[PDB]
Amino acid sequence: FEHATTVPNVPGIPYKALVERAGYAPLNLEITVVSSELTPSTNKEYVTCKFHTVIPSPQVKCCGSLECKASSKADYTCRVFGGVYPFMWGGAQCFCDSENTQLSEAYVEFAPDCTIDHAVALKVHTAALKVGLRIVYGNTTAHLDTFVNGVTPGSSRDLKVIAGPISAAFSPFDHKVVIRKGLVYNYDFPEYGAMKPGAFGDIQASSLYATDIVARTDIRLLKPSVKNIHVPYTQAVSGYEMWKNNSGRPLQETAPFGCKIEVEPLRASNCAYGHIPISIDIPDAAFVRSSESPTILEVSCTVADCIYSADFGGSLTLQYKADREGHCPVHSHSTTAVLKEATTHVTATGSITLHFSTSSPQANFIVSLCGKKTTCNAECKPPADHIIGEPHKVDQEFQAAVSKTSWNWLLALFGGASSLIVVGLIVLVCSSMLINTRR
Amino acid sequence: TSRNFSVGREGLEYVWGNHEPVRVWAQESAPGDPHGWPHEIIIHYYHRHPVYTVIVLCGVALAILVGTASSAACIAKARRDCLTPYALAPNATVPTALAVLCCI
């Protein structure tokens, strides 16, 4: 049998529904989102970290001249200097006086500690939602993971639950995402090849162990001044370090909907947003004939004292008369009241306590003890506690949220105005007919 | 120190140092009684939803105003066209039978 619900996507809150087939005893349905994963499709561009400025030993063909060449090393900078006469510990390093040429080389590497302290630049496409469900039908519990797309039939044994499309398309990640030691940032990194000196991504490589590193770190080779051999150079600050100082707070702390940002793989777990249209094809054997379940002769609902809060702030006793003992499913036929119980034991004459939760200031709902709908009426006072540590089990509607005293006053005012204008219209027509008969 | 943070029906998560996050949700504990006198009801629903309750109260004020000024306008129109068309006609006499039934 096919049942189409709409489960609120809040992890942990059970969603209760009653499936009634003609000729078959009502079955209790219980859908819980144990966990959720928002996994985007990732694409790694490059890996960046602090650069190691490698200055080789200066070359002095120092009676003659040297030529600058081209190398594939990262940010390979070269410069030829006119007349040097370099010194070391030992005096003059060659013979001709001002015919001495020094070649300064400076490229960029990956720091030795980069295998631990590095960032990964990623582009993430549309995200996919996957949920863990705890469908409880009858007295059988089934755990199962389904894709939230509307077509994939994730099934544990014989449940065949199809998770409909999520009502709201939400993704806490931007197009470009930076991952550094497990912390996820939304950064607009430069593309592969567009290295900006002094900014994030000034040194790029496909991997840490790659030999095709590309860099642009603004290395300016300066003319030596001192007599001792020297490679004077100046450089821009590490873009990785500058970004680390100005990174802001991660997505783990700036995420919406209480999302838990996790890595390996990148995902946003336990996000509370939207509604999921679940469709369950319950196996036939779970249902039982209407003859097998006990039949309620008459029942009546009295509600002890209720508040409308997140937790189960309500109590309810109903006196029933059953002709046979057995188990009967209990359900609240209302969107603003949810029962804590699902099945209960009925024994001839008895009374049972059912705890519920409400968002309206009225227990104005219906309860079914394996059929035999009965109505409750009471006053739900506001809770004394201001802050609780548990999510609200029921959403806040309008006709429910407005109480009956306020409804009575509103209808008194509006109906007074409407009756006033109706009396005005009737005296209008009566006076008009009197005038028409006058002349 | 002390820090004041606003909590709503959706919740709030705060992390203090190297502590596990703790989440808190706000209940509808507005001052007043939703089932008391109208002023207590208005206090409750103004603390809960101010703009909505202002809209509803302005709606009832407009409904009473436009509707008392409409029934009264129609009443005055009927009075005028019951007193003028032949009763107030110069040198004309209207006895009690067709005067006092609506007039005065």
# chains A, B, ... in the order shown; residues from 1 in each chain; ligands from 1
>>> closest_atom_pairs(of="chain B", to="chain A", cutoff="10 Å", atoms="only C-alpha atoms", output="tab-separated table")
residue	atom	partner	partner_atom	distance
B:7	CA	A:387	CA	8.1
B:8	CA	A:387	CA	9.3
B:9	CA	A:392	CA	7.4
B:10	CA	A:391	CA	7.7
B:11	CA	A:391	CA	7.5
B:12	CA	A:258	CA	8.5
B:13	CA	A:258	CA	7.8
B:14	CA	A:253	CA	9.5
B:15	CA	A:253	CA	9.2
B:22	CA	A:389	CA	8.1
B:23	CA	A:389	CA	6.1
B:24	CA	A:389	CA	4.6
B:25	CA	A:388	CA	5.3
B:26	CA	A:387	CA	4.7
B:27	CA	A:386	CA	5.5
B:28	CA	A:382	CA	6.5
B:29	CA	A:383	CA	5.4
B:30	CA	A:382	CA	7.3
B:31	CA	A:382	CA	8.8
B:32	CA	A:382	CA	8.7
B:33	CA	A:381	CA	7.2
B:34	CA	A:403	CA	6.6
B:35	CA	A:405	CA	5.8
B:36	CA	A:405	CA	7.8
B:37	CA	A:405	CA	8.5
B:38	CA	A:406	CA	7.3
B:41	CA	A:406	CA	7.1
B:42	CA	A:406	CA	8.8
B:44	CA	A:382	CA	9.3
B:45	CA	A:402	CA	8.9
B:56	CA	A:410	CA	8.7
B:57	CA	A:410	CA	9.1
B:59	CA	A:414	CA	9.1
B:60	CA	A:413	CA	6.5
B:61	CA	A:413	CA	8.8
B:62	CA	A:417	CA	9.7
B:63	CA	A:417	CA	6.2
B:64	CA	A:417	CA	5.6
B:65	CA	A:417	CA	8.4
B:66	CA	A:417	CA	8.0
B:67	CA	A:417	CA	5.3
B:68	CA	A:417	CA	6.7
B:69	CA	A:421	CA	9.2
B:70	CA	A:421	CA	6.4
B:71	CA	A:424	CA	4.6
B:72	CA	A:424	CA	7.5
B:73	CA	A:424	CA	8.3
B:74	CA	A:424	CA	5.5
B:75	CA	A:424	CA	6.4
B:76	CA	A:424	CA	9.9
B:77	CA	A:428	CA	8.2
B:78	CA	A:431	CA	5.9
B:79	CA	A:431	CA	8.7
B:81	CA	A:435	CA	7.6
B:82	CA	A:431	CA	7.3
B:85	CA	A:435	CA	8.1
B:86	CA	A:438	CA	8.5
>>> residues_around(residues="residue 63 (chain A)", least_positions_apart="3", cutoff="10 Å", atoms="only C-alpha atoms", output="number ranges by chain")
A: 60, 66, 83, 85, 94-101
>>> residues_around(residues="residue 142 (chain A)", least_positions_apart="5", cutoff="12 Å", atoms="only C-alpha atoms", output="ChimeraX atom specification")
/A:29-32,34,132-137,154-161,280,282
>>> select_by_dssp(residues="region 1-94 of chain B", states="helix (DSSP H, G or I)", output="NGL selection string")
:B and (38-48 or 50-83)
>>> write_last_selection(atoms="N, CA and C atoms", output="compact mmCIF listing (two decimals), in the first residue's frame")
# COMPACT_ATOMS: atom_id res chain seq x y z
N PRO B 38 -9.05 40.81 27.23
CA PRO B 38 -8.48 41.24 25.94
C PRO B 38 -7.17 41.98 26.08
N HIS B 39 -6.97 42.77 27.14
CA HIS B 39 -5.71 43.48 27.28
C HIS B 39 -4.55 42.52 27.55
N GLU B 40 -4.78 41.48 28.35
CA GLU B 40 -3.76 40.46 28.54
C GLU B 40 -3.47 39.72 27.23
N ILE B 41 -4.52 39.44 26.45
CA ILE B 41 -4.33 38.80 25.15
C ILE B 41 -3.47 39.67 24.24
N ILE B 42 -3.74 40.98 24.24
CA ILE B 42 -3.00 41.89 23.37
C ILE B 42 -1.55 41.99 23.82
N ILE B 43 -1.31 42.00 25.14
CA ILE B 43 0.07 42.01 25.61
C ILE B 43 0.80 40.75 25.17
N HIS B 44 0.16 39.59 25.33
CA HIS B 44 0.78 38.33 24.92
C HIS B 44 1.12 38.33 23.44
N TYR B 45 0.15 38.67 22.60
CA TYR B 45 0.35 38.57 21.16
C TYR B 45 1.19 39.71 20.60
N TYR B 46 1.31 40.82 21.33
CA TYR B 46 2.24 41.86 20.92
C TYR B 46 3.67 41.49 21.27
N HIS B 47 3.87 40.83 22.41
CA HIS B 47 5.21 40.35 22.72
C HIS B 47 5.62 39.21 21.80
N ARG B 48 4.66 38.39 21.36
CA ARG B 48 5.00 37.32 20.42
C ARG B 48 5.22 37.86 19.01
N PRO B 50 4.66 41.33 17.06
CA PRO B 50 4.23 42.74 17.15
C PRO B 50 3.57 43.27 15.88
N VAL B 51 4.20 43.07 14.72
CA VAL B 51 3.65 43.64 13.50
C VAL B 51 2.33 42.96 13.13
N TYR B 52 2.25 41.65 13.34
CA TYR B 52 1.01 40.94 13.04
C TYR B 52 -0.12 41.39 13.96
N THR B 53 0.17 41.54 15.26
CA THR B 53 -0.89 41.97 16.17
C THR B 53 -1.29 43.42 15.91
N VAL B 54 -0.34 44.27 15.50
CA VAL B 54 -0.68 45.64 15.13
C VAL B 54 -1.56 45.65 13.89
N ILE B 55 -1.26 44.78 12.92
CA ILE B 55 -2.08 44.69 11.72
C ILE B 55 -3.49 44.26 12.08
N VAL B 56 -3.63 43.26 12.95
CA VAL B 56 -4.95 42.77 13.31
C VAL B 56 -5.74 43.82 14.09
N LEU B 57 -5.08 44.51 15.03
CA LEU B 57 -5.78 45.54 15.79
C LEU B 57 -6.18 46.72 14.91
N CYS B 58 -5.31 47.11 13.97
CA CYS B 58 -5.69 48.15 13.02
C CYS B 58 -6.82 47.68 12.13
N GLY B 59 -6.85 46.39 11.80
CA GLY B 59 -7.96 45.85 11.03
C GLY B 59 -9.27 45.97 11.77
N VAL B 60 -9.28 45.65 13.06
CA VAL B 60 -10.52 45.75 13.82
C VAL B 60 -10.92 47.21 14.02
N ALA B 61 -9.95 48.11 14.21
CA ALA B 61 -10.27 49.53 14.34
C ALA B 61 -10.88 50.06 13.04
N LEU B 62 -10.28 49.72 11.90
CA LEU B 62 -10.83 50.12 10.61
C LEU B 62 -12.20 49.50 10.39
N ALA B 63 -12.38 48.24 10.78
CA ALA B 63 -13.66 47.57 10.58
C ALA B 63 -14.76 48.24 11.39
N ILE B 64 -14.46 48.64 12.63
CA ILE B 64 -15.49 49.32 13.41
C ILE B 64 -15.75 50.71 12.84
N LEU B 65 -14.70 51.45 12.47
CA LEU B 65 -14.88 52.80 11.97
C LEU B 65 -15.65 52.81 10.66
N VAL B 66 -15.11 52.15 9.63
CA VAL B 66 -15.80 51.97 8.36
C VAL B 66 -16.79 50.83 8.57
N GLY B 67 -18.05 51.19 8.77
CA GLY B 67 -19.10 50.26 9.09
C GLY B 67 -20.00 50.86 10.15
N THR B 68 -19.44 51.53 11.16
CA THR B 68 -20.27 52.44 11.93
C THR B 68 -20.53 53.72 11.16
N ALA B 69 -19.55 54.21 10.41
CA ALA B 69 -19.75 55.37 9.56
C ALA B 69 -20.47 55.03 8.26
N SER B 70 -20.68 53.75 7.98
CA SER B 70 -21.45 53.31 6.82
C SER B 70 -22.89 53.00 7.17
N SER B 71 -23.13 52.26 8.26
CA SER B 71 -24.50 52.08 8.72
C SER B 71 -25.12 53.41 9.13
N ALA B 72 -24.35 54.27 9.80
CA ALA B 72 -24.86 55.59 10.16
C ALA B 72 -25.12 56.44 8.93
N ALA B 73 -24.25 56.35 7.92
CA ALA B 73 -24.48 57.11 6.69
C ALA B 73 -25.76 56.65 6.00
N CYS B 74 -25.98 55.34 5.93
CA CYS B 74 -27.21 54.83 5.32
C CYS B 74 -28.43 55.21 6.15
N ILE B 75 -28.31 55.19 7.48
CA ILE B 75 -29.40 55.60 8.35
C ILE B 75 -29.75 57.07 8.11
N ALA B 76 -28.72 57.92 8.02
CA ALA B 76 -28.96 59.34 7.79
C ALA B 76 -29.57 59.58 6.41
N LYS B 77 -29.13 58.82 5.41
CA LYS B 77 -29.72 58.92 4.08
C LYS B 77 -31.20 58.55 4.12
N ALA B 78 -31.53 57.46 4.81
CA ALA B 78 -32.93 57.03 4.92
C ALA B 78 -33.76 58.05 5.69
N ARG B 79 -33.20 58.61 6.76
CA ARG B 79 -33.90 59.66 7.50
C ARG B 79 -34.17 60.87 6.62
N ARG B 80 -33.17 61.27 5.84
CA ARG B 80 -33.35 62.43 4.97
C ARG B 80 -34.42 62.17 3.92
N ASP B 81 -34.41 61.00 3.29
CA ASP B 81 -35.40 60.75 2.25
C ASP B 81 -36.70 60.17 2.79
N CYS B 82 -36.84 60.08 4.11
CA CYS B 82 -38.14 59.85 4.72
C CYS B 82 -38.74 61.12 5.31
N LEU B 83 -37.91 62.12 5.61
CA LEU B 83 -38.41 63.37 6.16
C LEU B 83 -38.60 64.45 5.10
>>> atom_distance(atom1="CA of residue 247 (chain A)", atom2="CA of residue 50 (chain A)")
15.2 Å
>>> closest_residue(among="A:46, A:209, A:173, A:76", to="residue 125 (chain A)", atoms="only C-alpha atoms")
A:173
>>> atom_distance(atom1="CA of residue 191 (chain A)", atom2="CA of residue 69 (chain A)")
27.7 Å
>>> select_by_dssp(residues="chain B", states="strand (DSSP E)", output="list in words")
residues 12, 13, 14, 22, 23, 24, 25 and 26 of chain B
>>> write_last_selection(atoms="C-alpha atoms", output="PDB file, in the first residue's frame")
ATOM      1  CA  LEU B  12      20.915  29.384  18.754  1.00  0.00           C
ATOM      2  CA  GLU B  13      24.275  27.630  19.072  1.00  0.00           C
ATOM      3  CA  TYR B  14      27.140  28.981  21.160  1.00  0.00           C
ATOM      4  CA  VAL B  22      25.217  23.885  23.114  1.00  0.00           C
ATOM      5  CA  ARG B  23      21.953  24.739  21.359  1.00  0.00           C
ATOM      6  CA  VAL B  24      18.981  26.568  22.877  1.00  0.00           C
ATOM      7  CA  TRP B  25      15.470  27.122  21.499  1.00  0.00           C
ATOM      8  CA  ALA B  26      12.969  29.768  22.575  1.00  0.00           C
TER       9      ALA B  26
END
>>> residues_around(residues="residue 11 (chain A)", least_positions_apart="2", cutoff="7 Å", atoms="only C-alpha atoms", output="list in words")
residues 9, 13, 33, 34, 35, 270 and 272 of chain A
>>> residues_around(residues="residue 42 (chain A)", least_positions_apart="6", cutoff="10 Å", atoms="only C-alpha atoms", output="list in words")
residues 121, 122, 123, 124, 125, 126, 127, 175, 176, 177, 265 and 266 of chain A
>>> write_last_selection(atoms="N, CA, C and O atoms", output="PDB file, in the first residue's frame")
ATOM      1  N   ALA A 121      42.340  24.094  -2.870  1.00  0.00           N
ATOM      2  CA  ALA A 121      41.354  24.920  -3.550  1.00  0.00           C
ATOM      3  C   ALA A 121      40.403  24.020  -4.325  1.00  0.00           C
ATOM      4  O   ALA A 121      40.844  23.162  -5.097  1.00  0.00           O
ATOM      5  N   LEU A 122      39.104  24.208  -4.111  1.00  0.00           N
ATOM      6  CA  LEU A 122      38.086  23.343  -4.686  1.00  0.00           C
ATOM      7  C   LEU A 122      36.981  24.171  -5.323  1.00  0.00           C
ATOM      8  O   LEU A 122      36.644  25.256  -4.849  1.00  0.00           O
ATOM      9  N   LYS A 123      36.416  23.640  -6.403  1.00  0.00           N
ATOM     10  CA  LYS A 123      35.153  24.116  -6.949  1.00  0.00           C
ATOM     11  C   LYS A 123      34.093  23.055  -6.699  1.00  0.00           C
ATOM     12  O   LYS A 123      34.289  21.888  -7.051  1.00  0.00           O
ATOM     13  N   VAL A 124      32.979  23.454  -6.093  1.00  0.00           N
ATOM     14  CA  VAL A 124      31.924  22.523  -5.716  1.00  0.00           C
ATOM     15  C   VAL A 124      30.652  22.879  -6.473  1.00  0.00           C
ATOM     16  O   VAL A 124      30.226  24.040  -6.482  1.00  0.00           O
ATOM     17  N   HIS A 125      30.066  21.879  -7.125  1.00  0.00           N
ATOM     18  CA  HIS A 125      28.855  22.016  -7.917  1.00  0.00           C
ATOM     19  C   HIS A 125      27.634  21.734  -7.044  1.00  0.00           C
ATOM     20  O   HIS A 125      27.712  21.726  -5.813  1.00  0.00           O
ATOM     21  N   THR A 126      26.490  21.518  -7.692  1.00  0.00           N
ATOM     22  CA  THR A 126      25.239  21.247  -6.995  1.00  0.00           C
ATOM     23  C   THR A 126      25.402  20.143  -5.959  1.00  0.00           C
ATOM     24  O   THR A 126      26.029  19.111  -6.213  1.00  0.00           O
ATOM     25  N   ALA A 127      24.828  20.371  -4.784  1.00  0.00           N
ATOM     26  CA  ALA A 127      24.926  19.448  -3.668  1.00  0.00           C
ATOM     27  C   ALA A 127      23.788  18.434  -3.701  1.00  0.00           C
ATOM     28  O   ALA A 127      22.691  18.703  -4.195  1.00  0.00           O
ATOM     29  N   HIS A 175      30.734  28.694  -4.768  1.00  0.00           N
ATOM     30  CA  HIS A 175      31.324  27.968  -5.885  1.00  0.00           C
ATOM     31  C   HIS A 175      32.766  27.573  -5.598  1.00  0.00           C
ATOM     32  O   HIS A 175      33.207  26.495  -6.008  1.00  0.00           O
ATOM     33  N   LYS A 176      33.511  28.421  -4.896  1.00  0.00           N
ATOM     34  CA  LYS A 176      34.920  28.190  -4.619  1.00  0.00           C
ATOM     35  C   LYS A 176      35.119  28.044  -3.117  1.00  0.00           C
ATOM     36  O   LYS A 176      34.711  28.918  -2.344  1.00  0.00           O
ATOM     37  N   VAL A 177      35.745  26.941  -2.712  1.00  0.00           N
ATOM     38  CA  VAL A 177      35.887  26.562  -1.311  1.00  0.00           C
ATOM     39  C   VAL A 177      37.344  26.215  -1.037  1.00  0.00           C
ATOM     40  O   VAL A 177      37.996  25.549  -1.847  1.00  0.00           O
ATOM     41  N   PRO A 265      34.724  13.032   3.008  1.00  0.00           N
ATOM     42  CA  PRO A 265      34.575  14.032   1.944  1.00  0.00           C
ATOM     43  C   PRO A 265      33.944  15.315   2.463  1.00  0.00           C
ATOM     44  O   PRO A 265      33.487  15.368   3.599  1.00  0.00           O
ATOM     45  N   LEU A 266      33.900  16.367   1.654  1.00  0.00           N
ATOM     46  CA  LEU A 266      33.276  17.609   2.086  1.00  0.00           C
ATOM     47  C   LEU A 266      31.763  17.440   2.145  1.00  0.00           C
ATOM     48  O   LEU A 266      31.137  16.996   1.180  1.00  0.00           O
TER      49      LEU A 266
END
>>> residues_around(residues="residue 332 (chain A)", least_positions_apart="3", cutoff="8 Å", atoms="only C-alpha atoms", output="list in words")
residues 337, 338, 339, 365, 366, 367 and 368 of chain A
>>> write_last_selection(atoms="N, CA and C atoms", output="PDB file, in the first residue's frame")
ATOM      1  N   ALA A 337      -0.606  19.087  17.016  1.00  0.00           N
ATOM      2  CA  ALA A 337      -0.468  18.233  18.185  1.00  0.00           C
ATOM      3  C   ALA A 337       0.107  16.894  17.755  1.00  0.00           C
ATOM      4  N   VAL A 338       1.182  16.474  18.414  1.00  0.00           N
ATOM      5  CA  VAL A 338       1.851  15.214  18.115  1.00  0.00           C
ATOM      6  C   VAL A 338       1.945  14.404  19.399  1.00  0.00           C
ATOM      7  N   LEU A 339       1.628  13.117  19.310  1.00  0.00           N
ATOM      8  CA  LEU A 339       1.639  12.236  20.468  1.00  0.00           C
ATOM      9  C   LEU A 339       3.033  11.657  20.675  1.00  0.00           C
ATOM     10  N   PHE A 365      -7.824  19.180  19.234  1.00  0.00           N
ATOM     11  CA  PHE A 365      -7.518  18.201  18.206  1.00  0.00           C
ATOM     12  C   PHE A 365      -8.336  16.929  18.403  1.00  0.00           C
ATOM     13  N   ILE A 366      -8.087  15.949  17.539  1.00  0.00           N
ATOM     14  CA  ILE A 366      -8.770  14.662  17.561  1.00  0.00           C
ATOM     15  C   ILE A 366      -7.733  13.590  17.863  1.00  0.00           C
ATOM     16  N   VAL A 367      -8.128  12.581  18.634  1.00  0.00           N
ATOM     17  CA  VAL A 367      -7.285  11.431  18.931  1.00  0.00           C
ATOM     18  C   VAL A 367      -8.049  10.182  18.521  1.00  0.00           C
ATOM     19  N   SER A 368      -7.335   9.193  17.999  1.00  0.00           N
ATOM     20  CA  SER A 368      -7.938   7.938  17.571  1.00  0.00           C
ATOM     21  C   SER A 368      -7.284   6.789  18.323  1.00  0.00           C
TER      22      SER A 368
END
>>> closest_residue(among="B:49, B:1, B:87, B:21", to="residue 100 (chain B)", atoms="only C-alpha atoms")
B:87
>>> atom_distance(atom1="CA of residue 193 (chain A)", atom2="CA of residue 251 (chain A)")
26.5 Å
